[PDB]
Amino acid sequence: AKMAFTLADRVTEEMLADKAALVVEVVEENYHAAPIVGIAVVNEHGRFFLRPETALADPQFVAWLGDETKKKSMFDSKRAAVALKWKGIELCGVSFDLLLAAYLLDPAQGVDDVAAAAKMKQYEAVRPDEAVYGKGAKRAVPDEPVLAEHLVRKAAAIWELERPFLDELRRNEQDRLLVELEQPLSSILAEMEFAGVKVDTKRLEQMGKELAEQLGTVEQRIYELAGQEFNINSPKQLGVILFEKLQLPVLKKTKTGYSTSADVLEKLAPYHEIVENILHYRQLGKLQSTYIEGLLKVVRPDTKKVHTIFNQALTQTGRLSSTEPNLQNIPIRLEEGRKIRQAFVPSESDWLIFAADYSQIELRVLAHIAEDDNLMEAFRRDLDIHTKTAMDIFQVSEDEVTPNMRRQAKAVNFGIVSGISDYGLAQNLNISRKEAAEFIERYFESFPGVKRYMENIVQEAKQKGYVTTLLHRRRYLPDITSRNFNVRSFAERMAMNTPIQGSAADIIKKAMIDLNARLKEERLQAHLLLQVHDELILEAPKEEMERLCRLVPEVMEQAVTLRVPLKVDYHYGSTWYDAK
DNA sequence: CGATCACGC
DNA sequence: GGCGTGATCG
Ligand SMILES: Cc1cn([C@H]2C[C@H](O)[C@@H](COP(=O)(O)OP(=O)(O)OP(=O)(O)O)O2)c(=O)[nH]c1=O
Ligand SMILES: OC[C@H]1O[C@@](CO)(O[C@H]2O[C@H](CO)[C@@H](O)[C@H](O)[C@H]2O)[C@@H](O)[C@@H]1O
Ligand SMILES: [Mg+2]
């Protein structure tokens, strides 16, 4: 069965043809500054394996990699591009990324290696990466003969699969989504990840010191009030202390026992002194374990930067995710956690952090897609949509919607369109099921086009087998025709939500591409650091801030044209905290 | 490795 | 209600 190839000792001219499938293998999951273990090239002239020490120290190979006119087809080009950047080598000319192609054709497939993508087209002449490298503790690069055969088979699969994938993308009207949106975005994400974000490590260490002390204090107080020691970090052990020893009322249950969630503890606070201590301990512990220790573990000691990886081929709706570290979930809502953001600083002296965010983008997207006259008029008047909803469902004037009311209208605005029930909304708003049913009815009376959207998009999903977003991303929903009610219900909620969340994802991706082009045209030093779903974070010289204040919102506001305006709020400052 | 919890959008 | 990461338990 073996596949024929040349195990080359030196780079030859026929390896540098103007179209090739290229594999630049990085086996460590986190590819930042990781080793490249081998290279395979498949082109019109044959199949080749190259040792990295050789190829990457060859001026002609290096020049070929960087020549935009020499076209390469790859799988996970970002991984290769970033690992090359760490070696001071530029990769250009990537015209097809099989990972991004498979992701667009069906995100549910969970494609995370060439073999899985190949399976989508009945191509099985390549092994899964896990079969070759093993997993976890057993993980390891095999001897050269086995490694080279594997890389060549992956390159040969990419070579064969480009056309069928591109054909199906075209049938799906996703060809531009790949070539004009996702692939250009991949390069931008590569730059952002490689740039990293600088952190004030001394500040983090200091916070960590103060957290460890307070943690020790609250822990003893807790054991003192409980009349005993227990593992506070065990919801089960906690439940026993709270509901069996101290006999606090059981306000909520989970599947396997008593709930001890923050919301429940908040309701129990009045009942006993131990409760406030538990919340405090949990708050401190989250900051310490997840954020302080997590960030300090991954900061690069030479530059003080952290380098996330944006997974561009994971979420079912077309969002990015962020890992190791996750820079999309740094605290902000509560001041204590928000202080962590003080430790995220500009990479150079006399630079500043600039943050821009798409105010209520999901509801603006809903207004556009549903063509609800009331929702559209509200955004055209630049009303605060949560206050306007508060006004409609509670039947009050603007002047009398309290902050608590706005927070509630938020819950209604987030929940209804995404398929919340009367039961769940009642839980959310701490009112009766019947009370919540009345608000939902009033909501649909106020926003009838939204009701019509929910009905129509579910009907369409049932008819076509999938739902789509503004720029033609798709999500298949086979469960929407399940004879099982609960299973089907989940699918109906996905049908209503995906087009909204996914269109918002399309828009910000396009804005990132538009933004980078404008920044380059203007020769600004400003560059992107992070995306957090509906916001973009940049750093730049202080001397560029006035230009950015006009440029960034304009670019983001103009990324797409909807039936209502896109609104962008922006702030800058000396740290991410201050960009508020 | 599923549950629970807590953080973001 | 939707989409994520990850700490921690058992
Ligand atoms: C906080 C929160 C956000 N989200 C999603 C939907 C939100 O529109 C999006 C952004 O969060 P928010 O910025 O809090 O929502 P918003 O922009 O609509 O309202 P506000 O003017 O008060 O900022 O995150 C939820 O789905 N559930 C939630 O509880
Ligand atoms: O390089 C990211 C890219 O690779 C995949 C697997 O093909 O994910 C791998 O890398 C991630 C980033 O380090 C890890 O979180 C993940 O566990 C690992 O499998 C794709 O999922 C991703 O798009
Ligand atoms: Mg907002």
Side-chain angles (χ1 to χ4, degrees), chain A residues 107 136 230-239 252-266 278-279 281-295 297-298 308-312 314-334 336-338 340-341 355 357-363 365-366 410-429 436 440 443 454 467 469 475 489-505 508 530-537:
Chain A
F230 64 109
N231 185 351
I232 308 170
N233 282 338
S234 168
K236 183 182 184 164
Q237 277 178 62
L238 178 62
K252 206 155 68 72
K253 230 68 175 66
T254 64
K255 180 287 149 78
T256 186
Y258 322 101
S259 168
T260 65
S261 64
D263 47 281
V264 170
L265 299 180
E266 285 152 38
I278 289 152
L279 284 166
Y281 169 87
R282 281 214 184 133
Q283 299 163 20
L284 299 173
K286 175 61 132 179
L287 295 192
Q288 183 73 302
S289 287
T290 295
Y291 302 105
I292 301 298
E293 306 178 348
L295 257 9
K297 185 164 66 176
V298 304
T308 194
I309 290 178
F310 289 106
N311 195 326
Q312 193 181 355
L314 181 138
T315 79
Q316 298 303 302
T317 57
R319 281 192 168 185
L320 303 179
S321 70
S322 168
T323 65
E324 196 189 320
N326 184 357
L327 265 20
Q328 295 181 320
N329 77 338
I330 307 297
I332 193 176
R333 300 184 187 114
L334 303 166
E336 309 91 293
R338 185 178 200 169
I340 300 281
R341 295 188 176 218
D357 65 298
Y358 273 127
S359 171
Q360 308 288 345
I361 182 163
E362 285 190 346
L363 284 158
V365 166
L366 179 50
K410 282 192 76 161
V412 168
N413 275 334
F414 298 153
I416 289 191
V417 289
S418 302
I420 199 162
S421 72
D422 54 1
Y423 157 85
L425 186 61
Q427 303 283 339
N428 231 293
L429 299 175
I440 290 181
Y443 178 84
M454 289 169 70
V467 292
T469 64
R475 188 180 188 177
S489 296
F490 281 82
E492 295 177 8
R493 298 189 299 271
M494 296 178 178
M496 297 177 300
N497 173 264
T498 291
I500 301 170
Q501 184 186 119
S503 291
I508 192 163
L530 302 174
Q531 183 256 41
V532 193
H533 309 306
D534 55 12
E535 67 187 26
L536 297 178
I537 313 293

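The analysis underlying the following values was restricted to heavy atoms, covering all of them including side chains, and did not include hydrogens, waters or symmetry mates. Throughout, protein chains are lettered first and strands after them, A, B, ... in sequence-line order, and every chain is numbered starting at 1.
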Side chains of residues 415-426 of chain A: which donor-acceptor partners sit under 3.5 Å, not counting sequence neighbours?
from, atom 1, to, atom 2, distance (Å)
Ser418(A), OG, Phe414(A), O, 3.3
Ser418(A), OG, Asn497(A), ND2, 3.4
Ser421(A), OG, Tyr423(A), N, 3.2
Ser421(A), OG, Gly424(A), N, 3.1

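Figure legend: cation-pi geometry between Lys252(A) and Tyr258(A) absent, as NZ or CZ is not positioned both under 6.0 Å from the six-membered ring centre and within 45° of its axis.
Under the rule for a ring-ring contact (aromatic ring centres under 6.0 Å, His included), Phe310(A) has no partner lying at least two apart in sequence or in another chain. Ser259(A) is linked by a side chain to side chain donor-acceptor pair (under 3.5 Å) to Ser261(A), counting only residues two or more places apart in sequence or in another chain. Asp357(A) is linked by a salt bridge (charged side-chain N to carboxylate O under 4.0 Å, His left out) to nothing, counting only residues two or more places apart in sequence or in another chain. Partners of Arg282(A) under the side chain to side chain donor-acceptor pair (under 3.5 Å) rule, at least two apart in sequence or in another chain, are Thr260(A).
Counting non-hydrogen atoms under 4.0 angstrom, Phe310(A) reaches nothing in the nucleic acid. Within the 4.0 angstrom heavy-atom criterion, only backbone atoms of the sugar-phosphate kind lie near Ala262(A); the bases stay farther away. Nucleic acid contact class of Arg338(A) (heavy atoms, under 4.0 Å, all strands): none. Residue-level contact check: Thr498(A) touches neither bases nor backbone, having no heavy atom under 4.0 Å from any strand. Backbone-only contact: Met494(A) has heavy atoms under 4.0 Å from sugar-phosphate atoms and none from a base.
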For this session: Going 5' to 3' through nucleotides 5-10 of chain C, assign each nucleotide B (protein heavy atom under 4.0 Å from a base atom), S (under 4.0 Å only from sugar-phosphate atoms) or - (no protein heavy atom that close).
Result: BBSSSS
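You'll find that the side chain of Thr256(A) is closest to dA3(B), out of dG1(C), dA3(B), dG2(C). Comparing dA6(B), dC3(C), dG1(C) by their nearest atom to the side chain of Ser261(A) picks out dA6(B).
When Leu327(A), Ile537(A), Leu536(A) are each tested for a side-chain contact (heavy atoms from CB on, under 4.5 Å) with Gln531(A), only one passes: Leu536(A).
The phosphate of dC5(B) (OP1 or OP2) has no side-chain N or O of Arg282(A) nearer than 4.0 angstrom. Between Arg319(A) and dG8(B) there is no side-chain polar atom (N or O) within less than 4.0 angstrom of OP1 or OP2. In this structure, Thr260(A) does not reach the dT4(B) phosphate: none of its side-chain N or O atoms is under 4.0 Å from OP1 or OP2.
Rounding to whole angstrom units, CD1 of residue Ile309(A) and P of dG4(C) are separated by 18 Å. Rounded to a whole Å, the NZ atom of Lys253(A) is 16 Å from the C1' atom of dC5(B). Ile420(A) places its CD1 atom 9 Å from the P atom of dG2(C), with the value rounded to the nearest Å. One can place OH of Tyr281(A) at 14 Å from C1' of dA6(B), the figure rounded to the nearest angstrom. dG4(C) atom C1' lies 8 Å from atom CD of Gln501(A), rounded to whole Å. Between the CG atom of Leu284(A) and the P atom of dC7(B) there is a distance of 11 Å, given to the nearest Å. For the pair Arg341(A) CZ and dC7(B) P, the interatomic distance rounds to 13 Å; values are reported in whole Å. Between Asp534(A) atom CG and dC3(C) atom P there is a gap of 17 Å when expressed in whole angstrom units.
Donor-acceptor pairing under 3.5 Å, judged by distance alone, is present between the side chain of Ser418(A) and the base of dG1(C).
One finds the CD atom of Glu535(A) at 12.0 Å from the OG atom of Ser359(A) (value rounded to the nearest 0.5 Å).
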